[PDB]
Amino acid sequence: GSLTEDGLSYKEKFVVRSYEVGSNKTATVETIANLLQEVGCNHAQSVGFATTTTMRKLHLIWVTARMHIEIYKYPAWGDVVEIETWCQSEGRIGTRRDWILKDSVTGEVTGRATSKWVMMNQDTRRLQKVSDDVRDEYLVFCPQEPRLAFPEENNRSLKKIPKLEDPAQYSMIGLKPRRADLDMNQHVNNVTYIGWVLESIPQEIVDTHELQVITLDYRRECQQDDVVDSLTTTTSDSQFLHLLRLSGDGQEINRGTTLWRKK
Amino acid sequence: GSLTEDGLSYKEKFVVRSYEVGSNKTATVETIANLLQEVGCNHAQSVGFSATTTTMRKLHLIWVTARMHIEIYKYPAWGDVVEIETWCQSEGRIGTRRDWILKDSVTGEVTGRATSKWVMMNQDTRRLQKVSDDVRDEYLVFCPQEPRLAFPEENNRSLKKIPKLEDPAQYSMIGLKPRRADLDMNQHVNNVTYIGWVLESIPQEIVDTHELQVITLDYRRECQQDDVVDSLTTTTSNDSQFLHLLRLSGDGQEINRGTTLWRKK
Ligand SMILES: Nc1nc2c(Cl)cccc2s1
Ligand SMILES: Nc1nc2c(Cl)cccc2s1
């Protein structure tokens, strides 16, 4: 793993592991989501840093608000996948982190991802109003000209997601996170929400289709002692609408869309 | 990753990842269990397997774990390189044993060790049987002939009998279901998920004030993707020892049993 020549992006190679692949001997979308997360932590570490150095005097952390992933080819077990990552300021809204996934043998793009991050107080949760000016210490680690993984005007990564209406077509109820679903700070890692969203997708769709696009909006965090319900409705390639909510009160924690192609 | 000079063992280095560590910034026992599993698959691949042979596939026979014993001294920190050496050995007609040695890549010292007992089984009927003569001769060429034990001790805890947890249990984690990330390429529940399920009944205070030293786990029945599981725990004992029992919620069928040993940080 290493920063590129200009220092405005980071690169890392990953050999696909045996337990990381699904029933078709290619890495799962959760494995890919974990690799995007790993290369982001090593990029933060290489430039001197979910927690991040500075802004900790105000008890300020970066939280994900949206994660959009689009895969063309899932890497096979044993293959090397190279991931390039970078960040970019979006004015007073927050930060955007993009990823490009390539095959290490061909050098061809096999996937791409984008995320929207926002500044939040780690104690009062919610958000301490994301709008900072003297936080210009991140502009030195970002490319100045726009560099977008999803550049096209009117693309899937910026479309509004509606709220799943009751009743849902499919549902996976009573989901609880175990100690392997928590990070070093004991919060549920964002990849577990992706796994929970896919639990409501019927087995037949997973066996006859491959996941092409997955857009996920983060609204609330699920605690280690909370129980979750996963809801799904076919909206259409097969398209779906998703809703994660707390099994009791029905408090919304997540919402999203998935797009699937026939194998 | 590569086989050693003699071809009777395999070695592989692993950099510890951010999501692989727990609250102490060191790899979890489930992460370690996954690395032991990964190095075993790469050792099977390096000697021409996929770990069945043309003889085992002809009879619809597969290898299944019966016991997994892991003992950790130091858990590798996030960013550190851990080298794992693995090898197999015939145990007559009972089956095979696979041992592991974990070392620090900077110091070269043993930081952990593991052992497992594997048995021959028809993948369709689930019936166990003693290893046949013509099958055993196909593995002897990939195993050291003289004994090579990770746990050589005269009375090591890796061969001790595990009793059945009596009701009522002291602690319990009820209603555990495996998701699609808990399944392997053949859609069976990954052996490592049972370790995570066993540790779910351990109270949070014990995890926060202690570190896991030893974990012995016996596999009796496999859990299907649609089964619900109950995890039971009772303190049997500085060091805290526990007795564990994984059983199906629907009718209480025993699937797993084991013991864990913990020391104060
Ligand atoms: N908010 C930002 N975080 C980062 C990191 Cl972690 C690495 C490089 C650039 C930036 S801009
Ligand atoms: N049963 C056995 N399987 C193996 C494998 Cl997979 C590698 C090396 C030695 C042996 S003996």
Side-chain angles (χ1 to χ4, degrees), chain A residues 1 12 14-31 33-42 44-45 50 77-78 172-187 189-192 194-201 203 206-207 224-225 227 230, chain B residues 1 12 14-31 33-42 44-45 50 78-79 173-188 190-193 195-202 204 207-208 225-226 228 231:
Chain A
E12 201 177 354
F14 301 98
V15 178
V16 180
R17 307 185 174 164
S18 67
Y19 65 112
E20 298 186 337
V21 309
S23 48
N24 43 15
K25 294 164 189 174
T26 62
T28 59
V29 84
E30 289 189 81
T31 285
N34 273 328
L35 300 184
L36 302 176
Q37 171 170 261
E38 172 69 6
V39 74
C41 276
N42 289 336
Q45 204 173 113
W77 156 41
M172 178 55 68
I173 82 167
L175 297 156
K176 319 203 207 314
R178 50 188 188 88
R179 290 205 195 96
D181 295 311
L182 312 165
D183 56 24
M184 61 191 69
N185 312 116
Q186 275 157 285
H187 299 269
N189 53 294
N190 39 241
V191 183
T192 306
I194 287 179
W196 284 341
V197 152
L198 303 170
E199 272 304 282
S200 46
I201 297 289
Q203 188 83 0
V206 186
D207 290 339
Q224 193 192 150
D225 63 328
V227 184
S230 192
Chain B
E12 202 177 353
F14 301 98
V15 179
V16 179
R17 307 185 175 164
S18 67
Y19 65 113
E20 298 186 337
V21 310
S23 50
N24 294 112
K25 293 163 189 159
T26 62
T28 59
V29 84
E30 289 189 81
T31 285
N34 273 329
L35 300 184
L36 302 177
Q37 171 170 262
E38 172 69 6
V39 74
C41 287
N42 288 336
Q45 260 197 239
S50 283
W78 155 41
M173 178 55 68
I174 306 309
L176 297 156
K177 318 203 287 299
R179 50 188 188 90
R180 291 204 193 95
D182 295 310
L183 311 165
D184 56 23
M185 62 193 71
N186 313 116
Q187 276 157 285
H188 299 270
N190 200 290
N191 300 323
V192 183
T193 306
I195 287 179
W197 284 341
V198 152
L199 303 170
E200 272 304 282
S201 46
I202 297 289
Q204 188 83 0
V207 186
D208 290 339
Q225 193 192 150
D226 64 328
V228 184
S231 192

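Values reported hereafter were calculated over all heavy atoms of this structure, with side chains retained and with hydrogens, waters and symmetry mates removed. The sequence lines fix the lettering, A, B, ..., with proteins before strands; numbering per chain opens at 1.
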Review point. Under 4.5 Å between any side-chain heavy atoms of B:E38 and A:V15, yes or no?
Key: no

Exercise for review: Using a cut-off of 6.0 Å, state whether more than 12 heavy atoms not belonging to B:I174 lie near its atom CD1.
Suggested key: yes

Point to revise | Any B:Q187 side-chain heavy atom under 4.5 Å of A:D207 side chain | key: yes

**Study point:** Any side-chain heavy-atom pair of A:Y19 and B:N190 under 4.5 Å
**Key:** yes

Practice item. Would you give the length of the straight line joining atom CG of B:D184 to atom CD of A:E20, rounded to the nearest 0.5 angstrom? Key: 13.5 Å

**Study point:** Contact check, side chains of B:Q204 and A:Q224, non-hydrogen atoms, under 4.5 Å
**Key:** yes

**Study point:** Atom group of B:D182 that falls short of 4.5 Å from chain A, counting heavy atoms
**Key:** side chain

Revision key, fill the gap. When the 4.5 angstrom heavy-atom criterion is applied to A:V206 and chain B, the contacting part is side chain

Check your understanding: Closest approach of A:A180 and B:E30, non-hydrogen atoms and distance?
Key -> CB-OE2, 3.5 Å

**Study point:** Side-chain heavy atoms of A:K176 within contact of B:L176, under 4.5 Å
**Key:** no

**Study point:** Shortest non-hydrogen contact between A:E199 and B:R180, atoms and distance
**Key:** OE2-N, 3.0 Å

**Study point:** Test side chain to side chain donor-acceptor pair (under 3.5 Å) applied to B:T31 - qualifying residues, sequence neighbours left out
**Key:** B:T28

Check your understanding: Side chains of A:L35 and B:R17: does their closest heavy-atom pair fall under 4.5 Å?
Key -> yes

Exercise for review: Taking the side chain as every heavy atom from C-beta outward, state whether B:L199 and A:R178 have any atom pair closer than 4.5 Å.
Suggested key: no

